[PDB]
There are 6 protein chains.
Amino acid sequence: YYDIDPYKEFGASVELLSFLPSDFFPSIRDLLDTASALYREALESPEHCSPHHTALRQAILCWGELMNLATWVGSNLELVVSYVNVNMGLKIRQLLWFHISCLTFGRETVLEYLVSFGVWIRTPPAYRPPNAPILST
Amino acid sequence: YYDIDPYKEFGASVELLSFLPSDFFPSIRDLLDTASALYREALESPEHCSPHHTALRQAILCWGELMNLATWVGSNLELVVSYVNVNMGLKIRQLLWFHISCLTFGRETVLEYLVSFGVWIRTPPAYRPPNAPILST
Amino acid sequence: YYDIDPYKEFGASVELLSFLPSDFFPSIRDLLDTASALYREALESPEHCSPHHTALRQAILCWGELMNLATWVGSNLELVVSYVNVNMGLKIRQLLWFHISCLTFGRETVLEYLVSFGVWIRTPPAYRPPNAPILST
Amino acid sequence: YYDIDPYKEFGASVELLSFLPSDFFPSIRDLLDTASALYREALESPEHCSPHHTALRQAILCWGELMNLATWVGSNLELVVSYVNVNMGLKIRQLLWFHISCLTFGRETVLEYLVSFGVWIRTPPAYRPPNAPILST
Amino acid sequence: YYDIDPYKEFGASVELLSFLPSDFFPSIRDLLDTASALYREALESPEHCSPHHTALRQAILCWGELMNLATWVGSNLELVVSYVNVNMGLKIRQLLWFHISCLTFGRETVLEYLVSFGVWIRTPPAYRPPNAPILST
Amino acid sequence: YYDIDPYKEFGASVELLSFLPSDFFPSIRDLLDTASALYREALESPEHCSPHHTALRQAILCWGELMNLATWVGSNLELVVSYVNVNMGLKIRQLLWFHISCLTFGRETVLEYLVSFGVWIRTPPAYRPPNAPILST
C-alpha cells in the first residue's frame, strides 16, 4: 500500500543507484562471505555504533527468513527458484553492496565513484577509456 | 547460513517476546494503519532521528516485498496465502510491535510493562488480580 | 538424621511458609521459565552476586537431576511418578517462589506480606475480607 | 531443559571432574559423617557465614530429600536401587567432596591439587610416582 | 574437532586470503629458498625477535616432516602423493607467503593490498582494469 | 632440505629430548584433551598472549592437519597406520607436552626437572630412587 526510499536517509535515491547496470553487481554468496568475514563481531556487537550496521542486520535477517521461506516452499511445492532468486537478487545485491562498500571509504567517495561510472557508461563505446571501475583507498 | 539475533537494543532476549502468547499481539491491518496514520510525515525525507525509525522502515519495506511476492504468486499460481502468514505474521508481529510501541513511552517503560505482564500471567489463574493492561504516559 | 532450616539464615522458617495453601503457588514450569527468561545472564554470569543467585543454581541442578531420576525410573519400568512429583512440588515451589520474589522487591517486603497472609488465613473464613492481600511494589 | 555449569564461579566443575576418575571419591556416608563430626553447629548458625556454606547446606538438604525418596521407594517398591546409589553418587560425591575439601585449606589449593593429580594420572605407568594423595596444611 | 584461525591474532581470516586464486601464489620451492637465503641468520638466531620468525620455524619443521611422511609412504609402496601434495600446497603457500610478505613492508600494507585484490576479483571480469593491482613499496 | 633446531630460543630441544626416553610421553589424545579442558577460550582470543601460545596453537593446527590427512588416507587406503601414529608421536608429543607443561610452572622449571630426570635415569638400577616424577607448584 506504501512505498519508501531505502536509500534516502543516507542521501541516495533509487534512480541514482539503479543507474548502474544490473550485471555489474556480483553474486550473493561471496557478498555474504565477505560481510561475515569482515564483521562477524561488529554486526553481533551489543552496541549499535552506526546506522549502517543496524540496517544491514535487519537486511541479513530478512534474507535468512526469506531463504527459510524458500526452503519451506520447496518442501511444500505440491523453475520455482529461477524466477524468484533473480527478483530478490536485483534488490538484495544492491542493498548489501551499498552498505558494506559505504562502510569503508567514508560513504561519500562511493557517490563520486558511482557518478563517474554513470558518466563513463553514458558515453558510447566509439571512444571510451579502458579503466572505468572503482579505485582502492 | 548463519544465526543472528534481530534485536540488540536490550531486546536481544527473544525469550521475552516468547513469554507473551502469540494471540496477544494485534493484527497486521491495525498496526499498519496506526503506523501509517501516525508517522506518514515522519517517515518521509527524514534524517537519522532515531535508529527505531530506520529499523521500522526497513521492516515495513521487507514486509512490502513479501506482499509483492505473495501478490505475484497469486497472479502466477499455476491456500497459497493461508499457510505463509502462519509463520510470516508471527515473525513480523514480534518484530515491529516492539518498535512501534517503544517509539513512544520512552523505550524503557515497555520493558517493565513486559516483565510485569509476564509475572501477572505466571501467577495462578485461581488467584489473579483483576487486570494488568498497558499504561501509557 | 538431623535436618537444617534453609530459610533460617535468610530470616524465615519452613513452617512459616507452610501456611500457604498448595493452590496459591503457580505451576513449576512457568516459574522455571520466568526465572530463566529473566536472569539467564545473571545465572550464567561468572559472578555469584547475591547468595540467592547461588542457591537457585543448585536448586535448578537438583531438580534437573530429579527429572533424570524420573526418566531412569520410566526406562526401567519398560501413580508412583505422580506421587513423587507432588511430593517435591510443594517444597520446590516454596523455595523457587521465595527466592524469585525476594530477588526483586528488596527481600524485606516478602516477610510482611507473608506474615499478613498468615494473619489472614488464621482468621476463620467468616470474618475475612472478600479478597486476600496481594503483593505490592 | 537446560545445561547449567554447577560452579563457574568456582573454576568449572565439568572438566575438573573429568580429570579425576569417578572411583576416587569415597563413600557418601563417610563424607556425611566426616562433615557432621566437624561442623554440626557451624551449619545451624543463623548467619550466612559464606556463600560456599549456603551451597553446601543446600546440597546436604538435597541429599536428605534424596534419601527420603529412596526410603519411600524402598517402602513402596511395588537391583535398580544399586544403580540409583551409584548414579547420583558421582555428582553428589563431587559436590560434597569439593565443598568439604575446599572449605578448609583456603579453597584455592584444591585447584592445583587436582591439576597435579591430572598430570600424575596422565603420566603412563612405565614411570609413575607411587602416590599423589591430598596434602594437609 | 574444533579449529582455530591462525591469522585472527595477526588481524586476518583464512577465508579472507581464500579469495586469491591458486595460480597467484608462486612455487613452494622458490618461496622456501627465498626465505632461507634471506633470513638464515635470523631463523638460526637464538632470539625469537618477531613472532612471525617463531611461526615460520614450526611451519618449516612441519613441512619437513611432511616430506618425511611422503618418503615413508613411498618406501612402504615398494596419484595419491600428488593429491596429498596439492592439498597442503594452497595452505602452506598462504601461510608462507603471508609471513614472508608481512615480515617486510611493515605488515600493514599487506592488508590493504589483499582487500583491494578482493574488491578487484569480486568485480565481474568485464568491468576490470587490464591488469590487477600489485604490491608496492 | 635443511636441519633446523626447533627451539634454540627455548633451550635446545634435541639433547633435552635425548635425555628423556621416548615412551615417557603420554598418549596424544590425552594431551589434546588435557589442553582442551584447560584453555579452549584462551587460545581463541584475538591477541598474541605469548609467543609460546602462538607456537602451540600453530602446533595444534598442524596436528589437526595431520589428522585430516590420516582420515583421508584411511578413507582412500587403496599396519602402516600404526607406524604413522608412532612415527610422529615422538616429535608431536615432545612439542605438545613441552608446550603444555612449560605454559604453567613458569617455563623454566621444566629445564631443571628434565635435567634431574636425566640424572635419575643415568643412575644404575643397583641403587635408584623409586620415582622421579613431575613436581606440581
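Residues numbered from 1 in each chain as written, not as in the entry; some residues may be left out. Chains lettered and ligands numbered in written order. Part of a larger assembly, values for the part shown. Heavy atoms only, no water.

Per the PDB entry, the recorded name for chain A is Capsid protein,Immunoglobulin G-binding protein A, and the organism is Hepatitis B virus genotype C subtype adr. For this structure, the PDB entry title reads "Engineered Hepatitis B virus core antigen with short linker T=4".

Residues and elements named next belong to chain A. By the secondary structure assignment, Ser 18 is in helix α1 (residues 14-18). Here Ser 18 falls in the partly exposed class, since its relative accessible area comes to 47%. For the pair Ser 18 and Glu 41, spaced 23 residues apart in sequence, the C-alpha separation works out to 31 Å. Separated by 2.7 Å, the side chain of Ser 18 and the backbone oxygen of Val 14 make a polar contact. (Helix = DSSP H or I, 4+ residues; strand = E, 2+ residues; numbered from the N terminus. Buried < 20%, exposed > 50% of the residue type's maximum accessible area, 1.4 Å probe, protein only. Polar contact = N/O pair within 3.5 Å; in protein donor to acceptor, adjacent residues only side chain to side chain.)

When chain B is fitted onto chain C, the two copies agree to an RMSD of 1.6 Å after a turn of 58° and an axial shift of 0.3 Å. Both copies of the chain, as the preceding transformation shows, are related through a six-fold rotation axis. Across chain B, the smallest distance between a C-alpha and the rotation axis is recorded for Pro130(B), namely 13 Å. (Least-squares fit on C-alpha atoms.)

Take a nonpolar patch on the surface next. A cluster of nonpolar side chains, contributed by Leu77(A), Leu79(A), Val80(A), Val81(A), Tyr83(A), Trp72(B), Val73(B), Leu77(B), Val80(B) and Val81(B), occupies part of the molecular surface with about 880 Å² of accessible area. In terms of residues, the nonpolar patch owes the most to one element, helix α4 (residues 80-103) of chain A, which gives three residues. Relative to the elements of secondary structure, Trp72(B) occurs in helix α3 (residues 51-75). Residue class for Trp72(B) comes out partly exposed when judged on its relative accessible area of 32%. (Patch = residues over 30% accessible without salt bridge, like charges linked within 9 Å, V, L, I, M, F, W, Y side chains within 5 Å. Areas by Shrake-Rupley, 256 points an atom, 1.4 Å probe, with all protein chains shown as cover. Salt bridge = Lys/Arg side-chain N within 4 Å of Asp/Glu carboxyl O.)

On the secondary structure map, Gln58(C) appears in helix α3 (residues 51-77). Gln58(C) sits in the buried class, given a relative accessible area of 8%. Those residues in contact with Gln58(C), other than ones at most four positions away along the chain, are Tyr7(D), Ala55(D) and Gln58(D). (Contact = heavy atoms within 4.5 Å.)

On to the pattern of salt bridges, then. In this structure the tally under the stated criterion is 14 salt bridges over all chains. Between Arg57(F) and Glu9(E) there is a salt bridge; the shortest N-O distance is 2.7 Å. Of the two residues, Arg57(F) is situated in helix α3 (residues 51-75) and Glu9(E) in the segment before α1 (14-17); the pairing between them involves two chains. As far as burial versus exposure is concerned, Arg57(F) and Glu9(E) are alike and both buried. The residue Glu65(F) makes a salt bridge to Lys91(E) at a minimum N-O spacing of 3.8 Å. Placement of the pair is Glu65(F) in helix α3 and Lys91(E) in helix α4 (residues 80-103), with the two residues belonging to separate chains. Classification of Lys91(E) by relative accessible area gives partly exposed; the value is 35%.

Let us look at unusual backbone geometry. All names here are of chain B. Positive phi, normally seen in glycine, also occurs at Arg 107, with a value near 80°. With respect to the helices and strands, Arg 107 occurs in the loop between α4 (80-103) and α5 (109-122). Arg 107 gets classed as partly exposed once you look at its relative accessible area, which sits at 24%.

Let us look at the nonpolar core. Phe24(F) and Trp97(F) are the most contacted members of the largest nonpolar core, which has 36 residues in total. Elements represented by at least two residues in this core include exactly α2 (28-43), α3 (51-77) and α4 of chain E together with α2 (28-43), α3, α4 (80-103) and α5 (109-122) of chain F. No other element matches α4(F), which puts six residues into this core. Non-local contacts of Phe24(F), meaning those with residues more than four positions away in its chain, are made with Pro124(D), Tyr127(D), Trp97(F), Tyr113(F) and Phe117(F). Membership of the second largest hydrophobic core comes to 24 residues, among which are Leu31(D), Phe98(D), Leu114(D) and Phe117(D). (Core = buried A, V, L, I, M, F, W, Y, C linked by side-chain atoms within 4.5 Å.)

A few words now on the side chain of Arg128(E). Mapped onto the elements of the fold, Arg128(E) is located in the segment after α5 (109-122). Within the structure, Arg128(E) has its side chain in polar contact with the backbone oxygen of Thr123(E) (distance 2.7 Å). Setting aside chain neighbours within four positions, we find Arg128(E) in contact with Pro130(A), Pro133(A), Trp120(E), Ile121(E) and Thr123(E).

Moving on, we come to the packing of α2(E) against α4(E). All names here are of chain E. Relative to each other, α2 and α4 sit at 30°, their axes nearing to 11 Å. With respect to α4, the axis of α2 lies roughly parallel. Crossing angle aside, the handedness with which α2 passes α4 is left-handed. In this structure, α2 uses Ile 28, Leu 31, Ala 35 and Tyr 39 to contact α4, whose residues at the interface are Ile 92, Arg 93, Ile 100 and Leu 103. Residue composition of the contact of α2 with α4, grouped by class: seven nonpolar, no polar and one charged. (Axes fitted to C-alpha atoms, helices over the stretch in contact; angles between N-to-C directions. Parallel < 35°, antiparallel > 145°, perpendicular 65-115°, else oblique. Left-handed = near helix turned anticlockwise from the far one by under 90°. Nonpolar A, V, L, I, M, F, W, Y, C, P; charged D, E, K, R; others polar.)

The subject of this paragraph is the relation of the copies chain C and chain D. It takes a turn of 179° to lay chain C on chain D, together with a shift of 0.3 Å along the axis; the resulting RMSD is 1.4 Å. Here the two chains are linked by the operation of a two-fold rotation axis. An overlap of 77% is found between the interface residues of chain C and their copies at the interface of chain D, pointing to a shared contact surface.

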